[PDB]
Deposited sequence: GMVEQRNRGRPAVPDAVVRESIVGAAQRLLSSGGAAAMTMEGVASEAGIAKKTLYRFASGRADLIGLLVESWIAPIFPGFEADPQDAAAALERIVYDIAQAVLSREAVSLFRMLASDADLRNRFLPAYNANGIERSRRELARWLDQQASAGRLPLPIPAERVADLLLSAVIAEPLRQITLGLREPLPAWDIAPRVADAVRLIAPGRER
């Protein structure tokens, strides 16, 4: 059984447990049971619950990035940002955020993994992509790409995260974020 398949089983298991019983349910023993593997195997992928969180968050963003040369850079940008937003504003993503906002101990245990493997990754990836388009004169930027990435992503995603966390809106994809993505691109990175 390939490692990638085992990793997928682990992430699915971790999410199922988080959703059914919160952090308390997402134990190493529980995940192994759910994933169909023994601890000796699980430990190759995760040493503890923080690592499970990192795997889970990574799974949401890893598939986003794998056109470095689109003809319509702005349209490509809209698609990338939309996909990032769908990944980090889903019910599962906002529930995890809410869990950490609500428990200092859980932040203490999981925040480094959560931060390292989430939006920060997407931000770095997007910065690289933006630099390429700027270089090709395809997408000129008035400030460094890393700043554009951060501000753009923040423009689109942050207020919605705030809203969903508070129940002012339901999680994506219940409402259409495409218009917001289009407006941000027009404003921040035309």
ask   = According to the record, which stretches of the deposited sequence lack C-alpha coordinates?
value = 1 to 12, 79 to 80, 205 to 208
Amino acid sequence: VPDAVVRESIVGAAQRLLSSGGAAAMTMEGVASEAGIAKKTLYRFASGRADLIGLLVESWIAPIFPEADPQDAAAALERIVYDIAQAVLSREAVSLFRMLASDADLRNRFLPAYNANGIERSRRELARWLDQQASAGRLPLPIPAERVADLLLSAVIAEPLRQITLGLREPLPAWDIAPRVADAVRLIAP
From here on, numbers count along this sequence of modelled residues.
Average Cα temperature factor in the PDB entry - higher stretch of 89 to 97, 69 to 77 = 69 to 77
message = Mean Cα B factor from the PDB record: higher for 170 to 178, or higher for 19 to 27?
response = 19 to 27
remark   = When the entry's CA B-factors for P63, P160, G36, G54 are compared, the highest one belongs to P63
request  = Have a look at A136, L42, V148, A50 and flag the one whose Cα has the highest B-factor in the entry.
outcome  = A136
query = Sorting the chain's CA B-factors, does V185 end up in the lowest, middle or highest third?
reply = middle
query = If you rank every modelled residue in this chain by C-alpha B factor, which third holds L153: lowest, middle or highest?
reply = middle
request  = Going by the recorded CA B-factors, say which third of the chain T165 sits in, lowest, middle or highest.
outcome  = lowest
